[PDB]
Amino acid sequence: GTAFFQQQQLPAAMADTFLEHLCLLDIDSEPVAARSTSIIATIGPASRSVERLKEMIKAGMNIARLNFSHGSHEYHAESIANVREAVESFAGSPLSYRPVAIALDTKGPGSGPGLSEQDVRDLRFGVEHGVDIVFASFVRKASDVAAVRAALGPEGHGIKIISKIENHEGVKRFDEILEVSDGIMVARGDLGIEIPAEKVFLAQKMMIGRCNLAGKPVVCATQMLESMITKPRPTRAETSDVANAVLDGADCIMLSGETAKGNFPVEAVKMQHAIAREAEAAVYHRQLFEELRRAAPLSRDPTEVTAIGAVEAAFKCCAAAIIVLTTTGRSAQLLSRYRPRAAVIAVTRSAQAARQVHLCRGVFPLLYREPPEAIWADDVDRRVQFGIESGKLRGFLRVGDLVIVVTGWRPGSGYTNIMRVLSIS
């Protein structure tokens, strides 16, 4: 229908030049797709109650950040328990349950050259409490990342390390840090003090571009909606900043004081949710996909080959979603790197993977709880149907839609290799 092609900036998406795309942007063209940029909310006195945390999950919070620069281990263990209680209060309805990752943001090296002794104790605390992500403060070289990985020990092998770039050395040694990290955080607060304030935007755009090229998650952080710490509505520069972080290519956007100590934590999450949906519909996929395809190297990895074929197929039919079965989240990450307009519904049995895939833009994790079927092909079909039923319940899919299904040839991680065009019934 004509109405379908007037929504989600589709006239602007069909434009032949970026200039014509801008000219065709319409304030009356409503966003239809689900919000794909994840929201990281910092936990503190304003967002610690179980009842307030339930409201933040409903507003769109995907990752809860624990800032280990403040508070004791007892304080952070209580934060973890309240987050998990609020998250599990919706587990009674598996088709609508939303996993929420828990990220530990370290205190940092301070005046020291490498990993501090408090960071070693805090990292061990994180492993013992089952955190999913580490936001490693003041990463200056590859050996800083290796020190964090060593401090996590053998039990913390599955924890993602997102390196925070906060100074000139981190910006200069970016390539070596990105190579050994799982992703990056553009920590603009310290970065704006370490380098001239008027240069932070160049560092943010460079790091986002390089992370997008590498297919690794990138978080834009600090002062995005600062004025909402005390005021009910943000400034015109703040809404523009959030929108531009999404247009730059950020996988995640973050709230610090807005959710930890401010007076509008739920509204700050709602505002980031609303801006991100508008900005995602304004993305010029025509040039973006072409450039991501052209820049990505040739590959002999079947997961990598299936991912590009599935994204290409999704664009060809305007697929409502790409449903992917994943154990570690990697198959969903490789689909996410090509920035499909189709939502990536990732069905997994790993609760940790379901929490961690929020780091990748456009990945909507579904945690499958059923015990395995005796026949593997039937267990695979049951999970795909769970993805279709959750998608229908949440508004991602309707009868008549086309979906791309990405599965593998045997159980276990690393064997994705099948792309299937499916009609929703």
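Under this definition, the rigid core comprises the largest set of C-alpha atoms superposing within 1.5 Å between the forms. Note that residue numbering follows the sequence shown and begins at 1.
Taking the root mean square of CA deviations in 9 other deposited structures of this protein after fitting on the rigid core, 92-100 and 239-247 differ, and the farther of the two is 92-100. Superposing the other copies on the rigid core and comparing 369-377 to 387-395, farther C-alpha placement in 9 other deposited structures of this protein marks 369-377.
According to the PDB record, 383-391 carries the higher mean C-alpha B-factor of the two stretches 58-66 and 383-391. Relative to its counterpart among 148-156 and 203-211, 148-156 has the higher mean temperature factor, C-alpha atoms as listed in the PDB entry. Across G257, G329, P217, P109, the greatest Cα temperature factor reported in the deposited entry is at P109. Within the listed group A310, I345, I133, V171, the record reports its top CA B-factor for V171.
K316: CA B factor lies in the middle third for its chain, per the PDB record. Annotation for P232: C-alpha temperature factor in the middle third relative to the rest of the modelled chain, per the entry. Among the modelled residues of its chain, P371 has a C-alpha B-factor that falls in the highest third according to the deposited record. Annotation for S47: CA B-factor lies in the middle third of the chain's modelled residues. Among the modelled residues of its chain, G249 has a C-alpha B-factor that falls in the lowest third, as given in the PDB entry.
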